[PDB]
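Next up, entry.txt (compact mmCIF, C-alpha atoms):
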# COMPACT_ATOMS: atom_id res chain seq x y z
CA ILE A 406 117.98 67.68 76.40
CA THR A 407 115.86 69.40 73.76
CA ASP A 408 113.31 72.22 73.80
CA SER A 409 109.97 71.13 72.33
CA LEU A 410 107.61 73.91 71.25
CA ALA A 411 103.98 73.40 70.29
CA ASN A 412 102.33 76.24 72.21
CA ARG A 413 104.87 76.58 75.07
CA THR A 414 102.09 75.84 77.57
CA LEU A 415 103.71 75.95 81.00
CA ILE A 416 102.70 74.51 84.37
CA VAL A 417 102.52 77.61 86.57
CA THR A 418 101.76 76.64 90.17
CA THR A 419 100.86 79.47 92.53
CA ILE A 420 98.95 80.44 95.67
CA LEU A 421 96.95 83.50 96.69
CA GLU A 422 98.76 86.68 97.79
CA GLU A 423 97.77 90.33 98.19
CA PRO A 424 98.10 92.26 96.00
CA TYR A 425 99.61 89.48 93.88
CA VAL A 426 96.95 86.80 93.32
CA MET A 427 93.21 87.25 93.89
CA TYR A 428 90.09 85.98 92.16
CA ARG A 429 87.92 87.70 89.58
CA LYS A 430 84.85 85.49 89.22
CA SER A 431 82.25 87.53 91.13
CA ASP A 432 80.92 89.49 88.14
CA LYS A 433 80.94 86.50 85.74
CA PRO A 434 82.59 83.06 86.04
CA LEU A 435 86.20 82.99 84.85
CA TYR A 436 88.78 80.23 84.72
CA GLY A 437 92.39 79.54 83.81
CA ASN A 438 94.50 82.66 83.46
CA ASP A 439 91.30 84.72 83.77
CA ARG A 440 90.62 82.96 87.09
CA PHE A 441 92.70 85.59 88.91
CA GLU A 442 94.11 89.10 88.67
CA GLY A 443 96.83 91.16 90.32
CA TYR A 444 100.44 92.19 89.96
CA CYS A 445 101.58 88.58 89.49
CA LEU A 446 99.16 87.93 86.61
CA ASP A 447 100.17 91.25 85.04
CA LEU A 448 103.82 90.17 85.18
CA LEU A 449 102.81 86.85 83.62
CA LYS A 450 100.97 88.60 80.77
CA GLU A 451 103.86 91.01 80.14
CA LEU A 452 106.37 88.15 80.08
CA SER A 453 104.07 86.19 77.75
CA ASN A 454 104.08 89.12 75.32
CA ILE A 455 107.88 89.32 75.30
CA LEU A 456 108.66 85.59 75.13
CA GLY A 457 105.62 84.47 73.15
CA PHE A 458 105.03 81.77 75.77
CA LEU A 459 101.77 80.45 77.19
CA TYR A 460 101.20 80.06 80.92
CA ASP A 461 98.47 78.23 82.83
CA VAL A 462 97.72 79.25 86.41
CA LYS A 463 96.99 76.39 88.80
CA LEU A 464 96.65 76.31 92.58
CA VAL A 465 97.91 73.99 95.33
CA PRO A 466 96.58 73.63 98.92
CA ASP A 467 99.78 74.94 100.52
CA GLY A 468 101.67 78.15 99.87
CA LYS A 469 104.49 77.44 102.31
CA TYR A 470 108.08 76.86 101.20
CA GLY A 471 108.88 74.26 103.87
CA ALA A 472 110.82 74.61 107.11
CA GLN A 473 114.47 73.58 107.34
CA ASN A 474 115.32 71.31 110.27
CA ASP A 475 118.68 69.65 110.92
CA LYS A 476 117.51 67.25 108.20
CA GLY A 477 116.14 68.29 104.81
CA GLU A 478 112.45 69.21 104.68
CA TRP A 479 110.64 71.15 101.96
CA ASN A 480 106.96 71.88 101.33
CA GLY A 481 104.94 73.59 98.63
CA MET A 482 106.91 75.26 95.85
CA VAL A 483 110.41 73.97 96.58
CA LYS A 484 109.70 70.23 96.32
CA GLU A 485 107.81 70.74 93.05
CA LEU A 486 110.70 72.74 91.59
CA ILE A 487 113.28 70.15 92.69
CA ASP A 488 111.15 67.37 91.19
CA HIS A 489 110.60 69.47 88.01
CA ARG A 490 106.87 68.74 87.96
CA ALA A 491 105.84 72.41 87.70
CA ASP A 492 107.55 74.49 85.03
CA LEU A 493 107.21 77.79 86.90
CA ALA A 494 106.31 78.97 90.41
CA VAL A 495 105.83 82.73 90.12
CA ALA A 496 104.90 83.18 93.79
CA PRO A 497 107.31 85.87 95.06
CA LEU A 498 110.11 84.45 97.21
CA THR A 499 113.09 86.31 98.65
CA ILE A 500 116.65 85.04 98.17
CA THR A 501 118.33 83.53 101.20
CA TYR A 502 121.68 81.75 101.11
CA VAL A 503 120.31 78.24 101.72
CA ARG A 504 117.71 78.13 98.91
CA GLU A 505 120.17 79.02 96.12
CA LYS A 506 121.44 75.42 95.86
CA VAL A 507 118.14 73.73 94.95
CA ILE A 508 116.39 76.33 92.76
CA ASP A 509 117.37 79.28 90.58
CA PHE A 510 116.32 82.82 91.44
CA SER A 511 116.11 85.89 89.24
CA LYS A 512 118.27 88.93 89.88
CA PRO A 513 116.70 91.22 92.51
CA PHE A 514 114.70 94.20 91.29
CA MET A 515 113.14 95.51 94.53
CA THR A 516 115.25 95.81 97.68
CA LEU A 517 113.96 94.63 101.03
CA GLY A 518 114.78 93.55 104.58
CA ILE A 519 113.15 92.52 107.86
CA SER A 520 111.15 95.31 109.51
CA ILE A 521 108.57 95.57 112.29
CA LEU A 522 105.06 97.08 112.40
CA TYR A 523 103.56 98.70 115.51
CA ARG A 524 99.90 98.98 116.54
CA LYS A 525 98.92 102.19 118.32
CA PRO A 526 96.54 102.54 121.30
CA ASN A 527 94.53 105.30 119.61
CA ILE A 627 103.24 123.29 149.57
CA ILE A 628 100.30 121.48 147.97
CA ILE A 629 101.49 122.61 144.53
CA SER A 630 105.00 121.28 145.18
CA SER A 631 103.72 117.90 146.37
CA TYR A 632 101.27 117.57 143.47
CA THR A 633 103.98 118.55 140.97
CA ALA A 634 106.40 116.03 142.47
CA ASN A 635 103.79 113.26 142.39
CA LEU A 636 102.79 114.05 138.79
CA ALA A 637 106.38 114.27 137.52
CA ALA A 638 107.10 111.04 139.41
CA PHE A 639 105.16 109.04 136.81
CA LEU A 640 105.77 111.54 134.01
CA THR A 641 109.34 110.29 134.31
CA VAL A 642 108.12 106.67 134.26
CA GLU A 643 106.02 107.15 131.11
CA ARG A 644 109.16 108.40 129.31
CA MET A 645 111.13 105.28 130.29
CA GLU A 646 108.60 103.06 128.50
CA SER A 647 109.28 102.14 124.87
CA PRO A 648 108.88 98.36 124.51
CA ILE A 649 109.97 98.67 120.88
CA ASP A 650 112.35 101.33 119.62
CA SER A 651 114.57 98.68 118.00
CA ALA A 652 114.68 94.91 117.51
CA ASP A 653 116.85 94.57 120.61
CA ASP A 654 114.28 96.33 122.79
CA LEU A 655 111.56 94.04 121.43
CA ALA A 656 113.78 91.06 122.28
CA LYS A 657 114.15 91.48 126.06
CA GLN A 658 110.44 91.80 126.90
CA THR A 659 107.41 89.62 126.22
CA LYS A 660 104.54 91.67 127.68
CA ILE A 661 103.67 92.70 124.10
CA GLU A 662 103.20 89.76 121.75
CA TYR A 663 105.17 89.23 118.55
CA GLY A 664 105.37 86.43 116.03
CA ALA A 665 106.01 85.37 112.46
CA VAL A 666 104.26 83.97 109.40
CA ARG A 667 104.43 80.17 109.25
CA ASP A 668 107.29 78.67 107.20
CA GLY A 669 109.17 81.81 106.22
CA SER A 670 112.81 82.85 105.95
CA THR A 671 112.85 84.78 109.23
CA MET A 672 112.96 81.82 111.63
CA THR A 673 115.66 80.19 109.50
CA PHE A 674 117.64 83.43 109.77
CA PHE A 675 117.22 83.61 113.56
CA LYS A 676 118.14 79.98 114.22
CA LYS A 677 121.41 80.39 112.28
CA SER A 678 122.22 83.71 114.00
CA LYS A 679 124.32 83.54 117.17
CA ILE A 680 123.62 87.01 118.62
CA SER A 681 121.19 87.46 121.49
CA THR A 682 118.42 89.37 119.72
CA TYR A 683 117.65 86.94 116.89
CA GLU A 684 118.08 83.78 118.96
CA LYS A 685 115.77 85.17 121.65
CA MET A 686 113.28 85.97 118.89
CA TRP A 687 113.51 82.34 117.74
CA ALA A 688 113.23 81.07 121.33
CA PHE A 689 110.03 83.07 121.79
CA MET A 690 108.79 81.76 118.43
CA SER A 691 109.33 78.09 119.33
CA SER A 692 107.90 78.52 122.83
CA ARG A 693 104.19 78.45 123.71
CA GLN A 694 103.74 75.66 121.13
CA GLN A 695 103.70 78.15 118.22
CA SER A 696 100.72 80.06 119.69
CA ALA A 697 102.77 83.23 119.14
CA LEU A 698 103.02 82.28 115.44
CA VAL A 699 100.31 82.56 112.79
CA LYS A 700 99.73 79.93 110.11
CA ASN A 701 98.61 82.64 107.68
CA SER A 702 99.28 86.35 107.29
CA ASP A 703 95.59 87.20 107.72
CA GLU A 704 95.73 85.58 111.16
CA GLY A 705 98.42 88.11 112.02
CA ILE A 706 96.18 90.81 110.52
CA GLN A 707 93.39 89.91 112.95
CA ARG A 708 95.91 89.72 115.79
CA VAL A 709 97.09 93.26 114.96
CA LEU A 710 93.54 94.58 114.58
CA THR A 711 92.37 93.08 117.89
CA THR A 712 95.39 93.75 120.12
CA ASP A 713 99.01 94.93 119.90
CA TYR A 714 100.75 92.30 117.76
CA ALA A 715 104.16 92.58 116.09
CA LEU A 716 105.25 90.60 113.03
CA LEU A 717 108.85 90.01 111.90
CA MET A 718 108.55 89.99 108.10
CA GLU A 719 109.57 91.72 104.88
CA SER A 720 109.24 95.49 104.60
CA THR A 721 106.97 95.84 101.55
CA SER A 722 104.26 93.98 103.44
CA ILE A 723 104.71 96.43 106.33
CA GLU A 724 104.46 99.61 104.27
CA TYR A 725 101.67 98.02 102.22
CA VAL A 726 99.65 97.56 105.41
CA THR A 727 100.66 101.12 106.34
CA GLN A 728 99.39 102.42 102.98
CA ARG A 729 96.20 100.39 103.52
CA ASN A 730 95.59 101.24 107.20
CA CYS A 731 96.14 104.55 109.00
CA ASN A 732 96.25 103.11 112.54
CA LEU A 733 99.84 101.87 112.15
CA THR A 734 103.18 102.72 110.56
CA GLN A 735 106.59 101.26 109.73
CA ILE A 736 109.03 101.34 112.66
CA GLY A 737 112.66 102.18 111.95
CA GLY A 738 114.59 101.05 108.88
CA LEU A 739 115.72 97.82 107.28
CA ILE A 740 117.40 95.57 109.83
CA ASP A 741 119.09 93.36 107.21
CA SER A 742 119.43 93.11 103.44
CA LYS A 743 118.55 90.02 101.41
CA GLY A 744 117.77 89.43 97.76
CA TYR A 745 114.59 89.02 95.73
CA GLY A 746 113.62 86.73 92.89
CA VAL A 747 111.09 84.50 91.16
CA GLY A 748 111.15 80.74 91.63
CA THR A 749 112.43 78.83 88.61
CA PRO A 750 113.74 75.27 88.11
CA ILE A 751 117.40 74.75 88.98
CA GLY A 752 119.48 74.99 85.82
CA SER A 753 116.46 75.91 83.71
CA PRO A 754 117.36 77.30 80.26
CA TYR A 755 114.05 79.20 80.33
CA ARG A 756 115.29 81.01 83.45
CA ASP A 757 117.97 82.82 81.44
CA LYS A 758 115.42 84.05 78.90
CA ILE A 759 113.06 85.12 81.70
CA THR A 760 115.89 87.08 83.34
CA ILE A 761 116.72 88.73 80.01
CA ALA A 762 113.09 89.76 79.48
CA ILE A 763 112.65 91.08 83.03
CA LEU A 764 115.91 93.04 82.70
CA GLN A 765 114.60 94.52 79.44
CA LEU A 766 111.48 95.58 81.32
CA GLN A 767 113.81 96.89 84.04
CA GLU A 768 115.74 99.47 81.99
CA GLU A 769 112.57 101.18 80.74
CA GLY A 770 111.25 101.42 84.30
CA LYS A 771 107.87 99.93 83.39
CA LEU A 772 107.72 97.87 86.60
CA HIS A 773 108.38 101.11 88.49
CA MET A 774 105.11 102.67 87.32
CA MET A 775 103.31 99.31 87.34
CA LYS A 776 103.93 98.74 91.05
CA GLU A 777 102.80 102.32 91.70
CA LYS A 778 99.52 101.33 90.05
CA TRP A 779 99.11 98.76 92.84
CA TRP A 780 100.69 101.26 95.28
CA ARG A 781 97.56 103.44 95.12
CA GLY A 782 94.74 102.81 97.57
CA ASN A 783 92.91 103.87 100.70
CA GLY A 784 94.97 104.45 103.83
CA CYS A 785 95.77 107.69 105.58
CA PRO A 786 93.88 110.52 103.81
CA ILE B 627 96.48 122.99 136.42
CA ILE B 628 98.04 123.56 133.01
CA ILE B 629 100.80 125.61 134.64
CA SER B 630 101.12 122.75 137.14
CA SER B 631 101.47 120.36 134.19
CA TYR B 632 104.23 122.54 132.71
CA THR B 633 106.05 122.68 136.05
CA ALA B 634 105.76 118.90 136.42
CA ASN B 635 107.10 118.36 132.90
CA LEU B 636 110.06 120.64 133.64
CA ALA B 637 110.75 118.84 136.93
CA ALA B 638 110.53 115.46 135.20
CA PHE B 639 113.01 116.63 132.56
CA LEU B 640 115.33 117.89 135.32
CA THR B 641 115.18 114.47 136.95
CA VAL B 642 115.67 112.55 133.72
CA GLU B 643 118.71 114.23 132.15
CA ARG B 644 120.59 112.96 135.23
CA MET B 645 118.56 109.73 135.34
CA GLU B 646 119.72 108.75 131.84
CA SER B 647 122.67 110.99 130.91
CA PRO B 648 125.57 111.40 130.42
CA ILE B 649 126.48 107.75 129.78
CA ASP B 650 128.65 106.62 126.88
CA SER B 651 130.09 103.31 128.07
CA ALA B 652 131.28 100.94 125.35
CA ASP B 653 128.81 98.23 126.36
CA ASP B 654 125.99 100.78 126.31
CA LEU B 655 126.99 102.06 122.86
CA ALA B 656 127.22 98.48 121.56
CA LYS B 657 123.85 97.46 122.99
CA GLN B 658 121.95 100.40 121.43
CA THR B 659 121.34 101.16 117.77
CA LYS B 660 120.77 104.88 118.42
CA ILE B 661 124.49 105.55 117.87
CA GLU B 662 126.44 103.94 115.04
CA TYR B 663 129.98 102.74 115.64
CA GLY B 664 132.56 101.14 113.37
CA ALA B 665 136.11 101.41 112.04
CA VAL B 666 138.10 101.40 108.81
CA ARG B 667 137.78 98.59 106.28
CA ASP B 668 140.40 95.84 106.01
CA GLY B 669 141.87 96.94 109.34
CA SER B 670 143.48 94.97 112.14
CA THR B 671 140.43 95.35 114.40
CA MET B 672 138.24 93.04 112.30
CA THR B 673 140.99 90.42 112.08
CA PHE B 674 141.40 90.59 115.87
CA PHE B 675 137.65 90.21 116.42
CA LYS B 676 137.27 87.35 113.93
CA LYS B 677 140.28 85.46 115.31
CA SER B 678 139.02 85.97 118.88
CA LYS B 679 135.97 84.38 120.49
CA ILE B 680 135.16 86.74 123.38
CA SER B 681 131.44 87.52 123.47
CA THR B 682 132.04 91.28 123.45
CA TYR B 683 134.20 91.08 120.33
CA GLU B 684 131.56 88.84 118.76
CA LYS B 685 128.71 91.28 119.40
CA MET B 686 130.56 94.38 118.18
CA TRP B 687 131.86 92.48 115.14
CA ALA B 688 128.30 91.36 114.42
CA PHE B 689 127.16 94.98 114.68
CA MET B 690 129.72 96.23 112.16
CA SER B 691 129.20 93.24 109.85
CA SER B 692 125.45 93.88 110.08
CA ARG B 693 123.69 96.01 107.45
CA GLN B 694 126.10 94.58 104.84

How does the structure come out when it is put into structure tokens?
Amino acid sequence: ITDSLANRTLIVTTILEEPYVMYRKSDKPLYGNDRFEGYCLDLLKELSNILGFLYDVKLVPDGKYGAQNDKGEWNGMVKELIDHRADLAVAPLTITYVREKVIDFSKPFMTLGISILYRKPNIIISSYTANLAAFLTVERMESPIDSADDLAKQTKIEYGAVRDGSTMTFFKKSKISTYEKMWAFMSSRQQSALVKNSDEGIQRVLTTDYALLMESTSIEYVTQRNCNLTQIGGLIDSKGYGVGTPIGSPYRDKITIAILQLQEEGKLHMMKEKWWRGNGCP
Amino acid sequence: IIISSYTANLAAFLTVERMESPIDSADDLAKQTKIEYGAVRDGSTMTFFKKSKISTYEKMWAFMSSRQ
């Protein structure tokens, strides 16, 4: 195999994410790399400066990574990367143990784990005191979520997951009661407790009390962007982070070198804080 | 009424510290994440739990092995 260089134009497939990929064509029409903006495009531009490589942003209908049954099934990014028909897929994807055999990831730079978000709903004297304290005691025995386990053993408050993620794969391979009961609730009701898109979960949370089992940065991002909710507890597990690259790609090593070089100077640290500034709690 | 509310809160607390405490059973400690429990590293307890298949050993071993 050889490396042919004319302009190093790369096939960069991607899908829309917040605050990663979003359009800028409402002030004047823009296309190609100018078609979008966000943290992802900023990373692309910074990497292009370091490597002297050209990238072309192009979209696909699906943003899912495919669900894993007892037989192999992959959708969206993963099949393209296996087939080597798209040079890069810079959509952010966490590292789980099963996806390391078909594609290469980059070394993690931001640490993460599953976490949950919570919507908020914002003689005579002796007898009256006894009656009042009778349910004052009851109201202090209610806490449907104070942990993942507590969320597991009740269903009066609805919870779900984003379609085709890593969470359901994690639950189905976990043999302890909490995760398998989460998965059993997810499969039941013909996926009506699941949302095909994150924004569907956003409307579910805004309308009623809806819980999502997903990565933390999304949770504290919604917290920083809405003051009617906050992150519950801490990280329940730890799993890696990376950028999708072809399996065995020589360009992956150079990309990792460049992102590490950006890592020592702490430029990504300030850069994410640029996108970590917005309107939430005053 | 406010004094009645204070008296009711005190009475509810008096009921509840005996409603809920003191309990420290091993199953209770295992089933809650409020209290952390573990042991030394590379000890005999983990080998015993891994070699065994009792559900209790499995759940405590999962708890320690959790959080990396």

List every residue of chain B that has an atom at most 6 Å from any atom of chain A, giving for each one its closest atom pair and the distance in Å to one decimal, counting all atoms listed in the file, sorted by chain and then by ascending residue number, as CSV.
residue,atom,partner,partner_atom,distance
B:634,CA,A:637,CA,4.8
B:638,CA,A:637,CA,4.9
B:693,CA,A:741,CA,5.3

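Between atom CA of residue B:632 and atom CA of residue A:647 lies a distance of 22.4 Å.
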
Residue neighbourhood residue A:725, 12 Å, only C-alpha atoms, exclusion window fewer than 6 positions, as a list in words: residues 423, 424, 522, 719, 731, 733, 734, 735, 776, 777, 779, 780, 781, 782, 783, 784 and 785 of chain A

For the selection you just gave me, I'd like the residues written to a file as a PDB file, in the coordinates of the input, keeping C-alpha atoms.
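Contents of selection.pdb, freshly written:
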ATOM      1  CA  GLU A 423      97.770  90.330  98.190  1.00  0.00           C
ATOM      2  CA  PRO A 424      98.100  92.260  96.000  1.00  0.00           C
ATOM      3  CA  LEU A 522     105.060  97.080 112.400  1.00  0.00           C
ATOM      4  CA  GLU A 719     109.570  91.720 104.880  1.00  0.00           C
ATOM      5  CA  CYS A 731      96.140 104.550 109.000  1.00  0.00           C
ATOM      6  CA  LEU A 733      99.840 101.870 112.150  1.00  0.00           C
ATOM      7  CA  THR A 734     103.180 102.720 110.560  1.00  0.00           C
ATOM      8  CA  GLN A 735     106.590 101.260 109.730  1.00  0.00           C
ATOM      9  CA  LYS A 776     103.930  98.740  91.050  1.00  0.00           C
ATOM     10  CA  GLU A 777     102.800 102.320  91.700  1.00  0.00           C
ATOM     11  CA  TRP A 779      99.110  98.760  92.840  1.00  0.00           C
ATOM     12  CA  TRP A 780     100.690 101.260  95.280  1.00  0.00           C
ATOM     13  CA  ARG A 781      97.560 103.440  95.120  1.00  0.00           C
ATOM     14  CA  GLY A 782      94.740 102.810  97.570  1.00  0.00           C
ATOM     15  CA  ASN A 783      92.910 103.870 100.700  1.00  0.00           C
ATOM     16  CA  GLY A 784      94.970 104.450 103.830  1.00  0.00           C
ATOM     17  CA  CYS A 785      95.770 107.690 105.580  1.00  0.00           C
TER      18      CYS A 785
END

What's the 10 Å shell around stretch 661-677 of chain A, counting all atoms listed in the file, without same-chain residues fewer than 5 positions away, as a PyMOL selection string? chain A and resi 468-474+479-480+498-504+519+521-522+648-649+655-656+682-691+695-705+708-709+712-719

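Our summary of the geometry notes that atom CA of residue A:509 is positioned 5.9 Å from atom CA of residue A:750.
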
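We find atom CA of residue A:773 and atom CA of residue A:757 to be spaced 21.8 Å apart.
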
So which residues touch stretch 685-690 of chain B within 10 Å, counting all atoms listed in the file, skipping near sequence neighbours fewer than 6 positions away, as a VMD selection string? (chain A and resid 678 to 681) or (chain B and resid 652 to 653 655 to 657 659 662 to 665 671 to 676)

Using only the atoms of stretch 491-508 of chain A listed in the file, plus 8 Å on each side, state the axis-aligned box centre and edge lengths in Å rounded to one decimal, as JSON.
{"center_x": 113.3, "center_y": 79.4, "center_z": 93.4, "size_x": 32.8, "size_y": 29.9, "size_z": 32.7}

All residues 7 Å or closer to residue A:513, all atoms listed in the file, same chain fewer than 6 positions away omitted, as a ChimeraX atom specification: /A:744-746

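Distance check against residue A:510 using all atoms listed in the file: of A:486, A:477, A:527, A:446, the minimum falls on A:486.
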